[PDB]
Every structure is written in structure tokens, then in C-alpha cells.
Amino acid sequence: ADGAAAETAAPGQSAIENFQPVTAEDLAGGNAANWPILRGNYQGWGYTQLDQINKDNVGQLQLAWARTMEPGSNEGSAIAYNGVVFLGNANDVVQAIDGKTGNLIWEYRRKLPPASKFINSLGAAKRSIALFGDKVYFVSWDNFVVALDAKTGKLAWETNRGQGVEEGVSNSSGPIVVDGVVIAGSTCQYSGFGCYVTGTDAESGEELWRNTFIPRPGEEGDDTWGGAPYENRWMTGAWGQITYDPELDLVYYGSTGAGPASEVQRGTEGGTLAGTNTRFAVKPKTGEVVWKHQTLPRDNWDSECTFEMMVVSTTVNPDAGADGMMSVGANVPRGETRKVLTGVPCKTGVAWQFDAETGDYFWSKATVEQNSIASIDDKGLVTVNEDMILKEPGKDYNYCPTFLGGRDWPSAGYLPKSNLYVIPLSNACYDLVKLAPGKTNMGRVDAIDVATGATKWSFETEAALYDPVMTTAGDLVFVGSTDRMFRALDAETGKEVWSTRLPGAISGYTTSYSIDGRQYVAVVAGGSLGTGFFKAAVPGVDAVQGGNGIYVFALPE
């Protein structure tokens, strides 16, 4: 009762009352109350500075609100900004929801062709939308870059990148926006060609640049494809998460492998496949490549070196004797502070550290059991294990990890107070699925000292996790599992300090935001491609898909 009339905000058909344009400072992490990009900041940390919820009170966390989401693979993220959650659902449904109450504000529903016409169903999942200025940005299953008005959800512009639906190019991770350029990778997992990263003007929709990865006869690296004709080089894309450093003004992404996985079937025997499984640092306005490094050459294992890599500042002091250390860079600047690009880029589970500005190699370290990499030298040159390349049809090829890792898309998090990189992993191997030798627990989270490479703790549990982490200033790590358990761990020890259990597998991202001084922890759940993948190895756990939704927790008031 305000005036004598009933003022209403009809759910799904309303506007945000007060929307303030999103700035580069917001996206660099400038307002701890918000989570305006997939990993909280451009630099990829997956961290919240909010500490209302901490190791002493997290045991009291209760369900504040939840809301049903579209059916399908539910890998998305609650992108939170000034009291509104912007939520990419499966099937190109995008919602704005009041972050305090759970009331739907607006809902955009894309009109799509029937699912049967898409040769690449991976684009039906949507790990994130992006924010910039006055618009919400996403890449559609049919391969358009799309901008919606943030206040109302109405379509602003859409740009068809080409080759979606029947030709198989799509996007599953979502774009980021840097200084007015929407940057988006692609998946072309089922296509007889490679794909790209594009930059598109955020206000006009004009494509500004497009980077591809497969060299052509005449270009540097063509001689590393084993003589395979250019038209037999397939599936190399960049489907993972994009990060960015504002000060260096460098965008970071990784390309993937070539398809099929067997080099004999591809006709690339002996080829290291320049352009594949390469970490690029590029300028956002033009796509110009500044530096690059191939983290998995001659891939025969669908290793997909496209996952997020973090920009952090650390003392550089790798311990050559740390568990899993592969090598230390020849002239590492020991004892100095550097801005580094660091993390695990590929399913194989090997963590890498480079100078963020120059690409100089500092170190690499294995986590899970792996046998595709025989060694890495002091310049970061990887030598693969010839005995894991399929040659004779009758031999046993016991590869570690698997096509789901190791790691896969589920993201790591960073704890700046302890300088720890925290990564969710799977202790799996398979016949080129089973538990890796000596492991009884499929699910694993490792916490690695970014300065030394030493593993400080490891949490393990029977069920596969296959879900991102979120790190917090409250000394907590949140992580979900295939058997529906949503946990908080003590960030100092890895020990479980709280849990709940949701209707389905915890399959999407965890984010955190504050409204009126109250901290909320939002997780997307229901199921993904991974939920049922570990069943042969872990039959005893109640891993089930269903109940797709956003679920938001907070402390009692």
C-alpha cells in the first residue's frame, strides 16, 4: 500500500528499478558485494572478499531461497550485481532475479530450432552470461553473439557468427567484455574444421576480429601436422573460460586438440600440431597475439588446454622437490615478485606458471596420476609418452587420467590471503572408467602454494565432485559433488565444516554477493554431462540428475 492503487512487479515481465552501468572497475573485482563475471574478477580468481560467512559460523548456513531453472545440462552461474542475479539457463533462457527474495524480474527465452537439428549439443549448456555497460551478453546455442538490455531483458542486438546448428559451431562457457569488446570462444567438437575466438563491439554488434588456430601450408607450424591435408584438420577450438589482466591489457585463452584423438586416424603421426592446446595472450581490441605457449603437443587424449588460467602476483620460489614437480624454468627469477599466469590449463592436471607479461616459463607440476606427459624441460617444452599413443590394435593402453580429467571445465579458485590455488579434480583413469591406482576416492580438491608449487592440503571423497570451487575471505572453500553434496571446507586444512544436499548433482558454479550487508552463497545445481560418467568406478553413491535450479544460502537473521 503506497498509493491507493496496487503497485506490482509482475514476475518475468518487470524491469530492474535501478540499473547502474557495469564498468571495467566492476569487472576487475572493484565491489566485493558483487560477482559480475564468471570467476568474480577478470583475473579468474573465483574468490569473494565477503567474510560474513566464515569457518566459525558456516555450520549455521540455511537455505534463503531457490528457483527452478530450465531442464538440461546445468553448468551455469549466478552473476550478481547490485542486488540482481543474472542467470544463464540451459537452452538460451536468461533471467534477472531479485537476489534477496528470489522473485523473477525478467526472462528472455530464445526461439531456437528443434534440438534434433543441432549436431553439437554442448552449446545447450551455458556456464555464464557477461555484463558490461547497460547490457547482458551471451553466446547462443545457434552461435549468435547476443546483447540484451540489462534493465528489461529485451533483445538489443544479435550477430550470427555463422555455422551454428547443422554445422556444429557453438559456445558453452560464455563471453567476457573488455573495454567495449565482447570476446567469445567456440566449440566445434563435431565439425570437420577448426573454430575461433571473436571480438565483437559491445554496443553495435559488429564483429571486430576473429582468431583461428590451425596453420595452413605457408604458415609457421604447418610442418608439425604430419602431412595431414588442411581439410583433415578438425575440431580445434577454444571452448573454455577467458581471463584478462587490466594492467597488462592482455586477454588469456587456450585452444584445444585436434579430432579424432588418435593421431593414426587423423593422419598426423609424429605431429606436434602447432596451434592446438596452446595458451594465448592477446590484445582485446584487435586479437593480436602477444605471446603463446603450447602446454600439450601431439595430443592423443582429448586434453583440451582451454581451461581458465589465473592472473596473480606472487613471490616466485618453486620447490624443485615438491610432489609432482615436472621442471623449474631455466632462469626463473627466484625470490622476486611477479605477476604470473598460473593454474591447470588441461585435463591432464598439470599446473603451470608463466610470467603473465612475457610468457617466460617458471614451473609445472602434476596433480592427479597422469601418463600422457613423459617430461617437461626447463623451457616448458612438453615431451609426450609414446607408449600412450594408439598404434597396435591388440595392446592395452591404460591411460591416466580420462576424457573428463583429471580436471575439466569445473574451475579452480584462489585464496589471496594464503596464496593457495585450489582445484577440483577426479582421481580417474580409463582404457584408451576406473579409480586411479591407489585411490579409493574419486573426488578431490588440491590446494597448491602458488609461490612454491607444494601441495598444502588435499580433500578427497568417494563420489566424483566435477563441480567448480569458490574460495572466500571467510577462510572457506565451497564445492559441490555428483552425489548432490554441497560442502564448505576449511581453507587452511581442507576439512569439511558444513554440508547440505540438493535435489540433484551439484553441477554448476558457486558465487557470492551481498545485499543490505547480508552475504548470500548461490549455487547452480541439477546435473551435467559428468554426473553419470563415473558410475562404473563409483557405483555406491546416489549420483542423480534432476531439480535444476539456483539455490541460495545465507546465515540466519
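Position 1 is the first residue in the sequence shown; the rest follow in order.
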{"property": "Deposited but uncoordinated residues in the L104/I105 interval", "result": "none"}
{"property": "Selected stretch [higher average CA B-factor]: 513 to 521 or 527 to 535", "result": "527 to 535"}
{"property": "Which of 362 to 370 and 108 to 116 has higher mean CA B factor, as the PDB entry lists it", "result": "108 to 116"}
{"property": "Given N427, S481, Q353, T383, the residue at which the Cα B factor reaches its maximum", "result": "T383"}
{"property": "Residue with maximal Cα B-factor (values as given in the PDB entry) among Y190, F86, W409, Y414", "result": "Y190"}
{"property": "Lowest, middle or highest third - CA B-factor, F403", "result": "highest"}
{"property": "Chain-wide C-alpha B factor ranking for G174, given as lowest, middle or highest third", "result": "middle"}
{"property": "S186 - Cα temperature factor, lowest/middle/highest third of chain", "result": "middle"}
{"property": "Among modelled residues of the same chain, the CA temperature factor third for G540", "result": "highest"}
{"property": "Where the record places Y397 (Cα B-factor, split into thirds across the chain)", "result": "highest"}
